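One structure is given below, encoded as structure tokens.
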Amino acid sequence: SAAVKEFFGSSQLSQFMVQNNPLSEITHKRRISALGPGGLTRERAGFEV
DNA sequence: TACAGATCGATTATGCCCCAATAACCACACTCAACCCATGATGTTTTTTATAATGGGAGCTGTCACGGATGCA
């Protein structure tokens, strides 16, 4: 339960869901990110990615 | 006959003993703290356990790319 709770809420890929519009809802749930565990960082990422 | 005054008798002044309050000054007091010294309940620390136990890595870290030294071999 500790590990699953840390992933659900304390991880980078789980963040508060935007609720301004239904469009914001859809475009936040249909989102692809290249960060988080095993991914790049904004400082590290160059140009090709 | 015309014209005068003259004493009874009234409002006004000026001062003070009392005195019905005025204020300071001095006398005695109860209640409420303050600190202390216990009794004891709670708290904190120390000591010992005898079948046998004999080498983790803890999660790596996930990957940019310059320059300038730098310590070698």
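Phi-derived couplings, Karplus 6.51 cos²θ - 1.76 cosθ + 1.60 at θ = phi - 60°, listed residue by residue for the range A:9-18: x, 9, 7, 6, 7, 9, 9, 4, 8, 4 Hz, with x used for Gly and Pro. With a simple spin-label model that places each label point 7 Å from the Cα along the Cα-to-Cβ direction, the separation between residue A:33 and residue A:2 comes to 2.5 nm.
All Cβ positions, even for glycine, are placed from backbone atoms using ideal geometry, and neighbour counts span all protein chains on display. None of the figures in this text is laboratory data; all of them are computed from the coordinates on show.
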